[PDB]
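This document opens with one chain alone, in structure tokens, the form deposited in one PDB entry.
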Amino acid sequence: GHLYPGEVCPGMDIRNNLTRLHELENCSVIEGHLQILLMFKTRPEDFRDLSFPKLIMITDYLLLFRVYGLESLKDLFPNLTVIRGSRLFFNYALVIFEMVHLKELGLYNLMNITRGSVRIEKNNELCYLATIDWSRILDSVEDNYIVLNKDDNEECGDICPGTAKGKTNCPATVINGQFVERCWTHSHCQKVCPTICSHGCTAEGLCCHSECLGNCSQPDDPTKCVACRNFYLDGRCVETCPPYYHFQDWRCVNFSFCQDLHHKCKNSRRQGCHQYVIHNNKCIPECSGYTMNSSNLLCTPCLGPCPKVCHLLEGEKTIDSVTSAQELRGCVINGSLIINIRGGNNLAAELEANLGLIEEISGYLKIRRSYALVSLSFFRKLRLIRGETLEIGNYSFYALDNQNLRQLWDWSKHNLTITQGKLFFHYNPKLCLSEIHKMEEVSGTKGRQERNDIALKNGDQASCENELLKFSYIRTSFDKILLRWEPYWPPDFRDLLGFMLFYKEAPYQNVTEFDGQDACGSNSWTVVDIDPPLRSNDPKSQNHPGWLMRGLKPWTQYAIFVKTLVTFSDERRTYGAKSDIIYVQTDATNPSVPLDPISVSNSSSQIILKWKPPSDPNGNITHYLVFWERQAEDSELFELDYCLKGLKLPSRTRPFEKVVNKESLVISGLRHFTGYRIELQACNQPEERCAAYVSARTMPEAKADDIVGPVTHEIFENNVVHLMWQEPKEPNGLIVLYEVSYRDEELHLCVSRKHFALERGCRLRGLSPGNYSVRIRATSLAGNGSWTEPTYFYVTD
């Protein structure tokens, strides 16, 4: 036909040389698996001129293992499109294992894997794996398992064509934050269908017919598909089989077809054939409840029970994968089942679909090392474990080291019964003893000798608390919490060993409840052990228990749930009690001192000051206050005369109001050669439930003083020349000196700081006739300039 041109052939196994590989030449669909492996002495040249373009689908799975020599599948299966995964190879529908010389994966026409996962592993030279978007290929992307390929290290490089060359024509794809174009080889880019279309798409992106799967030659045609969703019939894909019967869940067949299979299997007891029968408009190899079949191929409902018992080879079956589980579809088990599902991936859905119909087990049930097996509920209809064959020690149920086993059954809904054997439970961390005791009750074991081997101290690292504790009273200091939960005792208060109170810092109302974990201080609850309350008489007299936790940081939030501690015993119950996860926060208190007071002479008007928040605000830091004290100048500075021998030349180096979150401040108005005491504090709150210290000078005069004044002379007589000077007031006025020169290189004099002020005192004396000059250095603390004009006069003595 126009959809599938070639034949359909059963599963193949190509081994030890590629000579037998001449079977895929004419097949388009394989009703089985395709295994190509163990052909060491083959070389790439052998695969240089071998291809299989007509193959388009593999129903079960594809496996390749140590096929030496071939470098890529891009020339071997150019047209493979769909792997339905009806029967899987250990959860996997595509497997590539230890392909020594394989370099890139090819298979650019693969566009849907209906069931199972993919496992490409230990290919020492394989790359072009990160360049594949599995989310589009598998309708579910998790559970994939690709590791130890060359791409994992060695910085293997892949070069997707088109988009990287500016030619586009290579779809970009999604990564959590690093979108990238994706491809199978350096010359084949993966197809991506527009979301509106699992159905196929054309070259330009038009949607194919709703029944087509993967690809189609022209859009919106029931025919011309490449692969069919649901069922295929004579060149078109149909939603369901028209009256023809469904066969192998992928195609339609007539009555004669199934009749031939029935006759052939009857005529040949090959142990590879099935007495195919018809049932519920389907052609199937084994039709419970309809076991009998007449001379027709149609099975009919039974009169009386007809369970379709399933007999186990050697009497023990290990359910280690979906492949093992799937082998029991539709099954009463005439043996014992061992469940050994390792690995982190969870497959409870598949187990229920395959094993959910089992109603009884003849032998024992053993569950060992099942890691990600959360619950046994997937045995949706198991109701009897006869125990005719027992695990050594006479155990009927045997659970050991189930890291995540949590619930056996919904005992409110379920029923169970075991006619013999004991019960064994060991090292199951998260299985609470309450469930085990319920099973003891609802399994008939309590109805006889009992003496089951339930290892107390199961349930560790899990919370099995079945009662509440209520905080009857609380107090909130800024460093302490009073806490008084209501009293509680088991039926016999001697079982009460005390209270264990848990707490940690929790700045948010969302926190995970206790589950049983370590005690490292980085994240774990801090635990304080509390002795039991006194037992005197009825509660009306006996006070409630309580605690006083102490040493807390103020104003922060904590979760302070409490739980009881009791002695364990098979004889006794009331496994414990646990309060809620209530939040409380200690009261706030006055903040700490502000940090890092800094000063700078930025602007001549005022000091500019910066600070840092208090080390511990002890509250929601909201408010700051600053004092700027305008200190007066020191005492001796107004009178001390520095003209004295040895005495050095001197040098130096309410308006208050609060401030908003801004952590810097500037003020208006100040002197020059100035800068004074600052003290400031912070507030987390008119109550003013709130000083750091810093003193700093600011700019000097910031201009040149060079103060003008009565610089003129007046010659009354020799030594009476009447030279005067006036006080500088704009700066702080702490005049260090006035330079007096009698210019002979300006022979100089110093001026007394206040004897001059008495009445122009300390004037120069004893002048000679002729020109004389002077420029007065009315010197401030800095005194960089301060010189007047070098005025000169002709002395006439």
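The first residue of the sequence shown is number 1, and the count goes up from there.
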| property | result |
| --- | --- |
| Residues with no coordinates between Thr653 and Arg654, taken from the deposited sequence as a class | 10 or more |
| Unresolved deposited residues in the interval that joins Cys287 and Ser288 | 1 to 3 |
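Keep in mind the form deposited in another entry is missing from the figure; the text below concerns it.
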query	finding
Check: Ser72, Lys381 assigned to the same rigid part between the shown form and the other one	yes
